[PDB]
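Only one chain comes next, encoded as structure tokens, the form deposited in one PDB entry.
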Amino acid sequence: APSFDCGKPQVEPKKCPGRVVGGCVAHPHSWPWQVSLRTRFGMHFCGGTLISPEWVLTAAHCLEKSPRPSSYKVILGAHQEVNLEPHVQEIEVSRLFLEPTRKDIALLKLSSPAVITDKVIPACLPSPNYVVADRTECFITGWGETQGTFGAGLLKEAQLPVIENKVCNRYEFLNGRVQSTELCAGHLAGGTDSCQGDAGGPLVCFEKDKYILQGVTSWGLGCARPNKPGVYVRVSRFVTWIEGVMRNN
């Protein structure tokens, strides 16, 4: 039986225009790799990205809740946060892996493989050490902002242009706090606050015919605000690590 390919949504994303105040509510299931990391009891506190039927990439500090993978549950295929659609998959995490060198991202292996459908599809990973070019248009997705009457509990998205690290590190911006293993996306000398993405959530950028997971929202530093772009872990620098872990576990 054939399956669905990474990074290609079956529901065309809305693609919220840039610099839109409050961002937009996404089209249901247009971000198929969007994961909701939740406690055993069912409380959403972090986001993540399905990268393979059995693996979800999230932010390292998201694992600060508990050491036992049994305390974690993965929610897949959702749009509405509370009254989950009927097809939503809830899968308990069985193993946890922290990235050794920088310790900003973590891998979560699911107790059973997620079923890939038209609403549950992994995002594609980038070629090792790829550096996203300045100005590149990307999107961040998540349930970070509780909207008003018309978006509460709905998956939201915001388009953010990536900001070259050299520039991002300037004094008036992030002042040298940005490592090569990190990247910036945001607005300088203006813009609007984009807090939609959950810590651990995805930063995807389109490339020819698919959405590539270039970044992982960094715990606490992911909100993009004027002169203080969001900070995301640079996925391309951990691709080799990711493949090895999946290969060895």
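Residue indices: 1-based, along the sequence shown. For clarity, a rigid core is taken as the largest C-alpha set superposing within 1.5 Å between two forms.
Below, we refer to the form deposited with a small molecule bound, which is not included among the displayed structures.
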Under a 4.5 Å heavy atom criterion, is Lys210 part of the interface with the small molecule in the bound PDB entry? no
Contact flag, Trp55 vs the small molecule in the bound PDB entry, heavy atom cut 4.5 Å: no
Hey, in the bound PDB entry, is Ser30 touching the small molecule, heavy atoms inside 4.5 Å? no
Contact flag, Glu99 vs the small molecule in the bound PDB entry, heavy atom cut 4.5 Å: no
Within 4.5 Å, heavy atoms only, which of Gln179, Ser111, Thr117, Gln80 is in contact with the small molecule in the bound PDB entry? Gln179
Every residue of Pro126, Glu137 and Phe206 near the small molecule in the bound PDB entry, heavy atom within 4.5 Å: no
Shift test between this form and the one not shown (rigid core reference, C-alpha, 2 Å or more cutoff) over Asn175, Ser112, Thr146, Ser127 hits only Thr146
Rigid core fit then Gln34 CA moved by 2 Å or more between this form and the one not shown: no
Answer yes if the CA of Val56 moves 2 Å or more between this form and the one not shown after aligning the rigid core, and no otherwise. no
Core-superposed comparison between this form and the one not shown, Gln196 Cα displacement 2 Å or beyond: yes
Closer or farther: C-alpha pair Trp219/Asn169 in the bound PDB entry, relative to this form, given a change of 3 Å or more: closer
Since the CA distance of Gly197 and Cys46 differs by 3 Å or more in the bound PDB entry, is it closer or farther than in the form displayed? closer
